[PDB]
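Below: one structure, written as structure tokens.
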There are 6 protein chains.
Amino acid sequence: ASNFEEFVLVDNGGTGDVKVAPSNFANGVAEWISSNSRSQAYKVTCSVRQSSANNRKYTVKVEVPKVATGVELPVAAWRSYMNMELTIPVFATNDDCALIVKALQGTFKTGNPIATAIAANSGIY
Amino acid sequence: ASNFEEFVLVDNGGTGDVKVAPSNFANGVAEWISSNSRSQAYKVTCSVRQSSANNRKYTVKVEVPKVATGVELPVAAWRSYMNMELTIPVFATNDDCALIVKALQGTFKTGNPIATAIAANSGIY
Amino acid sequence: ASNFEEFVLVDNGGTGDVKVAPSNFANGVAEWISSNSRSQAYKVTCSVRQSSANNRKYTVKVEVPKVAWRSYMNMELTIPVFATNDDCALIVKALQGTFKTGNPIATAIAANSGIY
Amino acid sequence: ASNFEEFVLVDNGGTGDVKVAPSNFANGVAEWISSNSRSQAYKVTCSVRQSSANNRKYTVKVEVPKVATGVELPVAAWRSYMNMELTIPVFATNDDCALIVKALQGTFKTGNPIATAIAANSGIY
Amino acid sequence: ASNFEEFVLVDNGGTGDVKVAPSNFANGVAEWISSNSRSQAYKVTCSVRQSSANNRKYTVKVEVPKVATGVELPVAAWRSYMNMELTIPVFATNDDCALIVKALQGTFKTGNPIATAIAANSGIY
Amino acid sequence: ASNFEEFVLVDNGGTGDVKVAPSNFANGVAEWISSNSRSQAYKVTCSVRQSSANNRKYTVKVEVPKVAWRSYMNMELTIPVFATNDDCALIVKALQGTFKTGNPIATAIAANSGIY
């Protein structure tokens, strides 16, 4: 098998979906790039290295770009950078990992605080 | 209104769901804590500060604990720490933010690489 | 849940009760007051914060006025990290205890007296 | 004619109430404890002094212990400390006091926020 | 039970009102903004502190922006800053306040001098 | 035009209205007061002046008394030089907005409360 597949990063449901594909596997660093001009593409990198003698540490970066218009030459007016470090003890059962994943999914699920916050250029209140 | 509500962090659907609640709003730092012994609770913090003259920077931390057994005194055998920094230009329309959010949701949606990776104590392949 | 709600600070039965209400949440610090002038209002503030990496501190303050001045209450409740929900319940009951009408402390304060 | 009597500090119906009794009054600090060993006992101390020429300060402290199970030697795993300083102006009439008391009672009556929160390891929100 | 809701800051009938919503409450300063980008948004901040032992200070600030036409990148050409410090003695009753409010309202009601002048780039004469 | 005129500071309907009137113009600083003792008068002062070579500053102050003391309002409105008349109109509406009855700030102050 393989998990280094292509996948949908932005899900607008069949329409303007943003599929991102494998760019290259550098040094334990997976890279995904949406099609079209690299100059204006979403990017998602991920890599797991072993930190403490007791910890693995995933590192996921995400780059969302704003398609800049009125330049003729494709470029991004700007990009927002997501950048996270997940640490997980060696002692985690595959079952535990699942949990962890959910938690993430959770913090970001639409409707939830953090999620709604970001989506409104708003902090907490 | 208010977005500093209580919410489900782990969604097992009505059953063993992990609800986390507002602990306290420190210095622009929202804190959520699952009920029961703080010694063994999930924690989610979040805070937005203005970085560059052009950037806002959310910082979300998540702590998933492993309920340690055979101690009599509640404690965690260990905790996995999620920790992310999201940066977003001032120029983002509320519409843009939405997008960004999706992207996150995406990277972590079940079935997708990153997601499936973590959930298997596995890297990329 | 949601705790921030109007509640009765003084249970005078059903007539003259002192209901106190949400008034400010500045700095995740809950404030409640009576429907009076700030001068003549009952005030209740309450806030949690993890002090030691071993204990949490609830900090409650209640101000009581006298009309025709006010007395201050200031409590610091330290609760170890290990307290189960059930454990805390206990703790509460205890406060409840120390202050229930008819009990030394209660009766003491109420008579403007010390312990004899 | 004393007011320094034993009283139940933890009303549990009738089955296992934690009753507390006068133990010491040295240094003008009333002390009450439980029928347990000094190390495992609940403790309540109260005291009054005339701070300003206009006020009096009742100072009460309640120590709640968590009986450590499994050590043989009676002792507490940890203790929850309670500390209150009640400032009451001289001008107060007896009724005025009773009032304060009532309010005090109210503040922590079961079902009311403050009480509720403490009891669920959560902040007020 | 909040009082921190969105509200219309610029009543334009129904066709193009500038509505403003809660965005942040960090540091005890209520903030409300517009659905525009952070850079082009109207902003309203309010705060209260007990200055003297006899007074309270409401501090409100309104930022009004002039959407810059023709740059592509959303941004303000300039901003009109509004800054008020409302000192209200403790002894005030609720009605007393409402009054202040009324007066405040009056001061700037359309058709009344102060308002008129600002609105015609003239001094009072 | 001519702005300096008697106006209603407090619209209490039609009975008990607080009309305020021109009282002093010392230093091109407009003053208005109620028909009461200076102690018990409503006061409104207002003055413009070009601060930065880029902005103008209207400076309004309103004093409100309590009879049987007074609370002060102090506003500084900075308006860039480029504001068209229409632009300013907007600005005004905004103040109007921030303070209209039923709106957070308004309602907040009115309840002698903060934001919750």
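The chains in the structure tokens are called A, B, ... from first to last as shown; in each chain the residues are counted from 1, and the ligands are counted from 1 in the order shown.
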
Chain A in the frame of chain E after Cα least-squares fit, as a compact mmCIF listing (two decimals) with N, CA and C atoms, in the first residue's frame:
# COMPACT_ATOMS: atom_id res chain seq x y z
N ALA A 1 -28.07 35.93 29.89
CA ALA A 1 -28.04 36.87 28.74
C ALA A 1 -26.62 37.24 28.32
N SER A 2 -26.51 38.35 27.60
CA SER A 2 -25.23 38.82 27.12
C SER A 2 -25.49 40.08 26.34
N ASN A 3 -24.55 41.01 26.43
CA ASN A 3 -24.63 42.27 25.71
C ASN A 3 -23.45 42.31 24.75
N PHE A 4 -22.65 41.26 24.74
CA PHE A 4 -21.52 41.18 23.84
C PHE A 4 -22.02 40.65 22.51
N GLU A 5 -23.12 41.20 22.03
CA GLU A 5 -23.72 40.78 20.77
C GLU A 5 -23.09 41.52 19.62
N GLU A 6 -23.67 41.29 18.45
CA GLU A 6 -23.27 41.93 17.20
C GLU A 6 -24.25 43.10 17.07
N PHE A 7 -23.86 44.20 16.45
CA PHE A 7 -24.79 45.31 16.30
C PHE A 7 -24.46 46.22 15.15
N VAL A 8 -25.44 47.00 14.76
CA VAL A 8 -25.25 47.92 13.66
C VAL A 8 -24.59 49.19 14.11
N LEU A 9 -23.45 49.49 13.51
CA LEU A 9 -22.70 50.68 13.87
C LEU A 9 -23.12 51.84 12.99
N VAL A 10 -23.28 51.55 11.70
CA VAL A 10 -23.71 52.56 10.76
C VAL A 10 -25.08 52.11 10.30
N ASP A 11 -26.06 52.97 10.48
CA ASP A 11 -27.43 52.64 10.12
C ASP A 11 -27.94 53.37 8.90
N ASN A 12 -27.87 52.71 7.75
CA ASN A 12 -28.37 53.28 6.51
C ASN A 12 -29.72 52.64 6.25
N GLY A 13 -30.28 52.01 7.28
CA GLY A 13 -31.57 51.36 7.16
C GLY A 13 -31.67 50.19 6.20
N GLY A 14 -31.34 49.00 6.68
CA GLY A 14 -31.42 47.80 5.86
C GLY A 14 -30.51 47.67 4.65
N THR A 15 -30.04 48.79 4.11
CA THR A 15 -29.17 48.74 2.95
C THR A 15 -27.70 48.54 3.34
N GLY A 16 -26.84 49.49 2.94
CA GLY A 16 -25.42 49.40 3.23
C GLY A 16 -25.02 49.47 4.69
N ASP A 17 -25.88 48.99 5.57
CA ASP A 17 -25.62 48.99 7.01
C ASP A 17 -24.28 48.36 7.37
N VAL A 18 -23.62 48.94 8.37
CA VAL A 18 -22.35 48.39 8.81
C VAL A 18 -22.56 47.67 10.11
N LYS A 19 -22.63 46.36 10.03
CA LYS A 19 -22.79 45.54 11.22
C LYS A 19 -21.38 45.27 11.69
N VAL A 20 -21.18 45.29 12.99
CA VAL A 20 -19.89 45.00 13.51
C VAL A 20 -20.09 43.85 14.49
N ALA A 21 -19.15 42.92 14.50
CA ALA A 21 -19.32 41.76 15.36
C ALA A 21 -18.20 41.58 16.34
N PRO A 22 -18.44 40.80 17.39
CA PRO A 22 -17.45 40.52 18.42
C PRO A 22 -16.21 39.90 17.80
N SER A 23 -15.06 40.49 18.06
CA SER A 23 -13.82 39.97 17.53
C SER A 23 -13.29 39.11 18.63
N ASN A 24 -13.08 39.70 19.79
CA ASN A 24 -12.60 38.93 20.92
C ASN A 24 -12.62 39.77 22.17
N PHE A 25 -12.69 39.09 23.29
CA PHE A 25 -12.72 39.76 24.56
C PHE A 25 -11.34 39.58 25.14
N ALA A 26 -10.49 40.58 24.96
CA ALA A 26 -9.11 40.53 25.47
C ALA A 26 -9.06 40.66 26.99
N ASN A 27 -8.38 41.68 27.49
CA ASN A 27 -8.28 41.88 28.93
C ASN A 27 -9.27 42.94 29.38
N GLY A 28 -10.53 42.55 29.49
CA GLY A 28 -11.56 43.49 29.89
C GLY A 28 -11.78 44.48 28.77
N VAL A 29 -11.31 44.10 27.59
CA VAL A 29 -11.40 44.92 26.41
C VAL A 29 -12.23 44.26 25.33
N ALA A 30 -13.47 44.71 25.18
CA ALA A 30 -14.34 44.14 24.15
C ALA A 30 -13.93 44.65 22.78
N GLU A 31 -13.91 43.78 21.78
CA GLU A 31 -13.53 44.21 20.44
C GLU A 31 -14.56 43.79 19.42
N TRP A 32 -15.01 44.74 18.62
CA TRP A 32 -15.99 44.44 17.59
C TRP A 32 -15.38 44.78 16.25
N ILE A 33 -15.64 43.94 15.26
CA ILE A 33 -15.08 44.15 13.93
C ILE A 33 -16.07 43.91 12.84
N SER A 34 -16.23 44.87 11.94
CA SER A 34 -17.15 44.67 10.84
C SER A 34 -16.58 43.52 10.01
N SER A 35 -17.43 42.78 9.31
CA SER A 35 -16.95 41.67 8.50
C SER A 35 -16.03 42.17 7.39
N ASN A 36 -15.50 41.22 6.62
CA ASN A 36 -14.57 41.49 5.54
C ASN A 36 -13.21 41.89 6.08
N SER A 37 -12.25 41.98 5.17
CA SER A 37 -10.86 42.30 5.48
C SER A 37 -10.62 43.18 6.67
N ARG A 38 -10.01 42.60 7.69
CA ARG A 38 -9.71 43.32 8.91
C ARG A 38 -8.96 44.58 8.55
N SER A 39 -8.21 44.51 7.46
CA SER A 39 -7.43 45.64 7.00
C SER A 39 -8.30 46.84 6.73
N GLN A 40 -9.58 46.61 6.49
CA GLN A 40 -10.48 47.69 6.20
C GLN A 40 -11.81 47.46 6.89
N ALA A 41 -11.76 47.43 8.21
CA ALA A 41 -12.99 47.20 8.93
C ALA A 41 -13.18 48.24 9.99
N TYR A 42 -14.43 48.45 10.39
CA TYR A 42 -14.71 49.39 11.46
C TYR A 42 -14.33 48.60 12.71
N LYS A 43 -13.99 49.30 13.78
CA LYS A 43 -13.58 48.64 15.00
C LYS A 43 -14.14 49.42 16.15
N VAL A 44 -14.59 48.72 17.16
CA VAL A 44 -15.15 49.41 18.29
C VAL A 44 -14.68 48.68 19.48
N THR A 45 -13.94 49.34 20.34
CA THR A 45 -13.52 48.65 21.53
C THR A 45 -14.15 49.33 22.71
N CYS A 46 -14.24 48.62 23.81
CA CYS A 46 -14.82 49.19 25.02
C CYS A 46 -14.35 48.44 26.21
N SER A 47 -14.10 49.18 27.28
CA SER A 47 -13.64 48.57 28.51
C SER A 47 -13.91 49.43 29.72
N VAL A 48 -14.34 48.82 30.81
CA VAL A 48 -14.60 49.59 32.01
C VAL A 48 -13.67 49.12 33.09
N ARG A 49 -12.96 50.06 33.71
CA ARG A 49 -12.05 49.74 34.79
C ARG A 49 -12.44 50.66 35.93
N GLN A 50 -12.03 50.34 37.15
CA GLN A 50 -12.37 51.21 38.28
C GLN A 50 -11.19 52.14 38.55
N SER A 51 -11.41 53.43 38.35
CA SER A 51 -10.38 54.45 38.56
C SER A 51 -10.23 54.87 40.03
N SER A 52 -10.70 56.07 40.34
CA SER A 52 -10.64 56.59 41.69
C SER A 52 -11.42 55.62 42.57
N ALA A 53 -11.29 55.75 43.88
CA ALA A 53 -12.04 54.88 44.78
C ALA A 53 -13.52 55.17 44.63
N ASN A 54 -13.82 56.24 43.91
CA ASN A 54 -15.19 56.65 43.70
C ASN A 54 -15.62 56.67 42.25
N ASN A 55 -14.77 56.21 41.34
CA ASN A 55 -15.15 56.29 39.94
C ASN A 55 -14.88 55.09 39.04
N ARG A 56 -15.82 54.81 38.14
CA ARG A 56 -15.68 53.75 37.14
C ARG A 56 -15.38 54.55 35.87
N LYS A 57 -14.62 53.99 34.96
CA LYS A 57 -14.29 54.74 33.77
C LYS A 57 -14.32 53.94 32.49
N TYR A 58 -15.39 54.11 31.73
CA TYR A 58 -15.56 53.43 30.47
C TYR A 58 -14.61 54.08 29.48
N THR A 59 -14.16 53.32 28.49
CA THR A 59 -13.25 53.85 27.49
C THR A 59 -13.65 53.23 26.19
N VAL A 60 -14.27 54.02 25.32
CA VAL A 60 -14.71 53.51 24.04
C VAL A 60 -13.95 54.09 22.88
N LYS A 61 -13.47 53.21 22.02
CA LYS A 61 -12.75 53.64 20.85
C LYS A 61 -13.51 53.20 19.65
N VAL A 62 -13.49 54.04 18.63
CA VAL A 62 -14.17 53.72 17.40
C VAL A 62 -13.28 54.10 16.27
N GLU A 63 -13.24 53.25 15.26
CA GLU A 63 -12.41 53.50 14.11
C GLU A 63 -13.25 53.42 12.85
N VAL A 64 -13.35 54.52 12.13
CA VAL A 64 -14.10 54.51 10.89
C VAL A 64 -13.06 54.58 9.82
N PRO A 65 -13.10 53.65 8.87
CA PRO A 65 -12.12 53.62 7.79
C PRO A 65 -12.62 54.12 6.45
N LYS A 66 -11.70 54.54 5.61
CA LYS A 66 -12.07 54.99 4.28
C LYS A 66 -11.52 53.94 3.36
N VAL A 67 -12.43 53.26 2.68
CA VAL A 67 -12.05 52.21 1.77
C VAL A 67 -11.24 52.81 0.64
N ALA A 68 -9.94 52.53 0.63
CA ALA A 68 -9.05 53.05 -0.40
C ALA A 68 -9.17 52.24 -1.69
N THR A 69 -9.31 52.93 -2.83
CA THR A 69 -9.43 52.21 -4.09
C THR A 69 -8.24 52.41 -5.01
N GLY A 70 -8.00 51.40 -5.86
CA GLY A 70 -6.90 51.44 -6.81
C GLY A 70 -5.60 50.89 -6.24
N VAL A 71 -5.71 49.88 -5.39
CA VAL A 71 -4.53 49.29 -4.78
C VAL A 71 -4.44 47.79 -5.03
N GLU A 72 -5.57 47.19 -5.37
CA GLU A 72 -5.63 45.75 -5.63
C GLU A 72 -5.61 45.02 -4.28
N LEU A 73 -4.71 45.45 -3.40
CA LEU A 73 -4.55 44.89 -2.07
C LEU A 73 -5.40 45.76 -1.12
N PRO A 74 -6.47 45.20 -0.54
CA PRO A 74 -7.34 45.95 0.37
C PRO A 74 -6.58 46.61 1.51
N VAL A 75 -6.79 47.91 1.67
CA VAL A 75 -6.16 48.69 2.74
C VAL A 75 -7.02 49.93 2.89
N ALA A 76 -6.75 50.73 3.91
CA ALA A 76 -7.53 51.94 4.10
C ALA A 76 -6.68 53.14 3.80
N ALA A 77 -7.24 54.08 3.06
CA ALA A 77 -6.51 55.28 2.73
C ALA A 77 -6.23 55.98 4.04
N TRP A 78 -7.18 55.87 4.96
CA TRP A 78 -7.04 56.48 6.26
C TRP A 78 -8.20 56.07 7.13
N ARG A 79 -8.08 56.37 8.42
CA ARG A 79 -9.11 56.03 9.38
C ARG A 79 -9.30 57.22 10.27
N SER A 80 -10.53 57.46 10.71
CA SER A 80 -10.77 58.56 11.64
C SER A 80 -10.97 57.86 12.96
N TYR A 81 -10.35 58.39 14.01
CA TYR A 81 -10.45 57.74 15.30
C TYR A 81 -11.26 58.47 16.34
N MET A 82 -12.25 57.80 16.87
CA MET A 82 -13.03 58.42 17.90
C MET A 82 -12.45 57.77 19.12
N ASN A 83 -12.42 58.49 20.22
CA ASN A 83 -11.84 57.92 21.40
C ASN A 83 -12.34 58.61 22.65
N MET A 84 -13.23 57.98 23.41
CA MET A 84 -13.76 58.67 24.60
C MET A 84 -13.61 58.00 25.93
N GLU A 85 -13.58 58.82 26.98
CA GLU A 85 -13.46 58.34 28.34
C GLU A 85 -14.65 58.86 29.10
N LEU A 86 -15.47 57.95 29.59
CA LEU A 86 -16.62 58.34 30.36
C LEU A 86 -16.33 57.93 31.77
N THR A 87 -16.55 58.85 32.69
CA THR A 87 -16.32 58.58 34.08
C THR A 87 -17.64 58.65 34.78
N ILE A 88 -17.88 57.71 35.67
CA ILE A 88 -19.13 57.70 36.39
C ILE A 88 -18.94 57.26 37.80
N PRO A 89 -19.33 58.11 38.74
CA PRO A 89 -19.23 57.84 40.17
C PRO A 89 -19.94 56.56 40.53
N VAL A 90 -19.50 55.99 41.65
CA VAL A 90 -20.05 54.76 42.13
C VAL A 90 -21.49 54.98 42.54
N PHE A 91 -21.72 56.15 43.10
CA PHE A 91 -23.03 56.52 43.59
C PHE A 91 -24.15 56.70 42.55
N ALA A 92 -23.88 56.37 41.30
CA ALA A 92 -24.90 56.53 40.29
C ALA A 92 -25.95 55.45 40.34
N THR A 93 -27.21 55.85 40.35
CA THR A 93 -28.27 54.85 40.34
C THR A 93 -28.33 54.40 38.89
N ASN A 94 -28.90 53.23 38.64
CA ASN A 94 -29.01 52.78 37.27
C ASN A 94 -29.78 53.86 36.54
N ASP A 95 -30.66 54.53 37.28
CA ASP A 95 -31.43 55.62 36.72
C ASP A 95 -30.52 56.76 36.28
N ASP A 96 -29.53 57.07 37.10
CA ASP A 96 -28.61 58.15 36.76
C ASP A 96 -27.86 57.81 35.48
N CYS A 97 -27.37 56.58 35.40
CA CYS A 97 -26.64 56.17 34.22
C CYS A 97 -27.41 56.43 32.96
N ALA A 98 -28.68 56.06 33.00
CA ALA A 98 -29.56 56.25 31.87
C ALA A 98 -29.38 57.68 31.41
N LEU A 99 -29.64 58.59 32.34
CA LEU A 99 -29.53 60.00 32.08
C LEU A 99 -28.26 60.27 31.29
N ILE A 100 -27.14 59.92 31.91
CA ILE A 100 -25.85 60.12 31.30
C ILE A 100 -25.86 59.67 29.87
N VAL A 101 -26.34 58.46 29.65
CA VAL A 101 -26.39 57.96 28.31
C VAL A 101 -27.11 58.93 27.40
N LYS A 102 -28.29 59.34 27.81
CA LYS A 102 -29.04 60.27 27.00
C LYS A 102 -28.18 61.45 26.62
N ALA A 103 -27.61 62.09 27.62
CA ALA A 103 -26.77 63.22 27.37
C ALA A 103 -25.84 62.94 26.19
N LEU A 104 -25.19 61.79 26.19
CA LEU A 104 -24.30 61.47 25.10
C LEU A 104 -25.08 61.52 23.84
N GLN A 105 -26.05 60.61 23.77
CA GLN A 105 -26.91 60.48 22.60
C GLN A 105 -27.25 61.86 22.11
N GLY A 106 -27.60 62.71 23.07
CA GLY A 106 -27.96 64.07 22.76
C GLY A 106 -26.88 64.81 22.02
N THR A 107 -25.74 65.00 22.65
CA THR A 107 -24.65 65.73 22.04
C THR A 107 -24.41 65.31 20.60
N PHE A 108 -24.72 64.07 20.30
CA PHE A 108 -24.50 63.60 18.96
C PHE A 108 -25.70 63.49 18.07
N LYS A 109 -26.90 63.60 18.62
CA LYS A 109 -28.09 63.48 17.80
C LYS A 109 -28.02 64.39 16.59
N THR A 110 -28.43 63.88 15.43
CA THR A 110 -28.43 64.65 14.18
C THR A 110 -29.18 65.95 14.39
N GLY A 111 -28.73 67.01 13.73
CA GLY A 111 -29.40 68.28 13.92
C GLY A 111 -28.77 69.11 15.01
N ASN A 112 -28.28 68.47 16.06
CA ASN A 112 -27.63 69.20 17.11
C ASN A 112 -26.25 69.65 16.67
N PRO A 113 -25.81 70.80 17.17
CA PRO A 113 -24.54 71.46 16.90
C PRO A 113 -23.38 70.53 16.67
N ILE A 114 -22.88 69.96 17.75
CA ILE A 114 -21.73 69.09 17.65
C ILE A 114 -21.87 68.17 16.49
N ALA A 115 -23.01 67.50 16.44
CA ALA A 115 -23.28 66.57 15.36
C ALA A 115 -23.15 67.19 13.99
N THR A 116 -23.89 68.27 13.77
CA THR A 116 -23.89 68.97 12.50
C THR A 116 -22.54 69.54 12.17
N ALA A 117 -21.78 69.87 13.20
CA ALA A 117 -20.47 70.43 12.99
C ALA A 117 -19.59 69.42 12.29
N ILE A 118 -19.35 68.33 12.98
CA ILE A 118 -18.53 67.25 12.48
C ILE A 118 -18.94 66.86 11.08
N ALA A 119 -20.23 66.69 10.88
CA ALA A 119 -20.75 66.27 9.59
C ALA A 119 -20.51 67.25 8.46
N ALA A 120 -19.96 68.40 8.78
CA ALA A 120 -19.70 69.41 7.76
C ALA A 120 -18.23 69.79 7.69
N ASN A 121 -17.40 69.04 8.41
CA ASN A 121 -15.97 69.33 8.44
C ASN A 121 -15.88 70.74 8.95
N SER A 122 -16.86 71.13 9.75
CA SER A 122 -16.92 72.48 10.27
C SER A 122 -16.80 72.56 11.78
N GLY A 123 -16.31 73.71 12.24
CA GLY A 123 -16.18 73.96 13.66
C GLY A 123 -17.47 74.62 14.12
N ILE A 124 -17.40 75.49 15.11
CA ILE A 124 -18.61 76.16 15.58
C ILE A 124 -18.70 77.58 15.02
N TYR A 125 -19.91 78.09 14.86
CA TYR A 125 -20.09 79.44 14.33
C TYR A 125 -21.44 80.10 14.64

Per-residue nearest contacts of chain F to chain B (12 Å; only C-alpha atoms) as CSV:
residue,atom,partner,partner_atom,distance
F:104,CA,B:1,CA,11.1
F:115,CA,B:1,CA,10.7
F:116,CA,B:2,CA,8.8

Checklist entry - For chain C against chain F, which residues fall within 10 Å using only C-alpha atoms, given as a ChimeraX atom specification? => result /C:4,22-26,28,30-33,35-38

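Running DSSP on the backbone gives helix (DSSP H, G or I) for these residues within chain B: residues 38, 39, 40, 94, 95, 96, 97, 98, 99, 100, 101, 102, 103, 104, 105, 106, 107, 108, 113, 114, 115, 116, 117 and 118 of chain B.
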
With N, CA and C atoms kept, could you save the residues just selected as a compact mmCIF listing (two decimals), in the first residue's frame?
# COMPACT_ATOMS: atom_id res chain seq x y z
N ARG B 38 -7.95 17.46 37.30
CA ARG B 38 -7.13 18.26 36.42
C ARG B 38 -5.87 17.50 36.11
N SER B 39 -5.45 16.67 37.05
CA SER B 39 -4.25 15.88 36.88
C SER B 39 -4.33 14.98 35.68
N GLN B 40 -5.55 14.69 35.24
CA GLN B 40 -5.74 13.82 34.11
C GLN B 40 -6.85 14.35 33.23
N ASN B 94 -13.18 37.49 5.71
CA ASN B 94 -13.72 36.46 6.57
C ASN B 94 -13.86 35.23 5.70
N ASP B 95 -14.10 35.46 4.42
CA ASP B 95 -14.21 34.38 3.47
C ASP B 95 -12.90 33.62 3.35
N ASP B 96 -11.79 34.35 3.32
CA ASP B 96 -10.49 33.70 3.22
C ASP B 96 -10.25 32.83 4.44
N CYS B 97 -10.53 33.36 5.61
CA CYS B 97 -10.32 32.60 6.82
C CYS B 97 -11.00 31.26 6.77
N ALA B 98 -12.24 31.28 6.32
CA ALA B 98 -13.01 30.07 6.19
C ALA B 98 -12.14 29.05 5.48
N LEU B 99 -11.72 29.44 4.29
CA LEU B 99 -10.88 28.61 3.46
C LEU B 99 -9.81 27.97 4.32
N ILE B 100 -8.99 28.83 4.91
CA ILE B 100 -7.91 28.39 5.76
C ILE B 100 -8.37 27.33 6.70
N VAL B 101 -9.47 27.59 7.39
CA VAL B 101 -9.98 26.61 8.31
C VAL B 101 -10.16 25.28 7.62
N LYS B 102 -10.84 25.29 6.49
CA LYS B 102 -11.06 24.06 5.78
C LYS B 102 -9.76 23.33 5.59
N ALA B 103 -8.79 24.01 5.01
CA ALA B 103 -7.50 23.41 4.79
C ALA B 103 -7.07 22.62 6.02
N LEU B 104 -7.17 23.23 7.19
CA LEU B 104 -6.77 22.52 8.39
C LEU B 104 -7.56 21.28 8.48
N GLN B 105 -8.87 21.47 8.62
CA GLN B 105 -9.81 20.37 8.75
C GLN B 105 -9.40 19.28 7.80
N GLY B 106 -9.08 19.70 6.59
CA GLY B 106 -8.67 18.79 5.56
C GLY B 106 -7.48 17.95 5.96
N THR B 107 -6.34 18.60 6.18
CA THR B 107 -5.14 17.89 6.54
C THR B 107 -5.38 16.83 7.60
N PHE B 108 -6.36 17.07 8.44
CA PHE B 108 -6.63 16.12 9.48
C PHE B 108 -7.80 15.20 9.29
N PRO B 113 -3.97 11.17 4.46
CA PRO B 113 -2.61 10.83 4.81
C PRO B 113 -2.20 11.19 6.21
N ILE B 114 -1.95 12.48 6.41
CA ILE B 114 -1.50 12.94 7.70
C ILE B 114 -2.29 12.29 8.79
N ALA B 115 -3.60 12.38 8.66
CA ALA B 115 -4.50 11.80 9.64
C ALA B 115 -4.24 10.32 9.87
N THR B 116 -4.28 9.55 8.80
CA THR B 116 -4.08 8.11 8.87
C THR B 116 -2.70 7.76 9.36
N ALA B 117 -1.75 8.65 9.09
CA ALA B 117 -0.39 8.40 9.51
C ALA B 117 -0.32 8.34 11.02
N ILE B 118 -0.63 9.47 11.62
CA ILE B 118 -0.63 9.62 13.06
C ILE B 118 -1.38 8.49 13.72

Next on the checklist: Give me, as an MDAnalysis selection string, all polymer residues having an atom no more than 9 Å from region 49-58 of chain F, counting only C-alpha atoms and skipping those fewer than 4 positions away in the same chain.
Outcome noted: (chainID E and resid 80 118 123) or (chainID F and resid 75:82)

Grab the residues selected above and save them as a CSV table (one decimal), in the first residue's frame with C-alpha atoms.
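Wrote part.csv, looks like this:
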chain,number,residue,atom,x,y,z
E,80,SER,CA,-10.8,58.4,11.6
E,118,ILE,CA,-18.3,67.7,12.5
E,123,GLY,CA,-16.2,74.7,13.9
F,75,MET,CA,-14.1,62.7,23.6
F,76,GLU,CA,-11.4,63.3,21.0
F,77,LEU,CA,-12.5,62.8,17.4
F,78,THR,CA,-9.6,62.6,15.0
F,79,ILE,CA,-10.6,63.2,11.4
F,80,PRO,CA,-8.1,63.0,8.6
F,81,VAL,CA,-7.8,66.0,6.4
F,82,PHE,CA,-9.0,64.0,3.4

Item to check | One-decimal distance in Å that lies between CA of residue 19 (chain F) and CA of residue 5 (chain F) | outcome: 10.3 Å

Item to check | Sel. of strand (DSSP E or B) residues, chain D, as a PyMOL selection string | outcome: chain D and resi 7-10+18-24+30-33+43-49+55-67+76-89

Item to check | Point-to-point distance from CA of residue 43 (chain F) to CA of residue 12 (chain F), Å rounded to tenths | outcome: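 These two atoms are separated by 17.1 Å.
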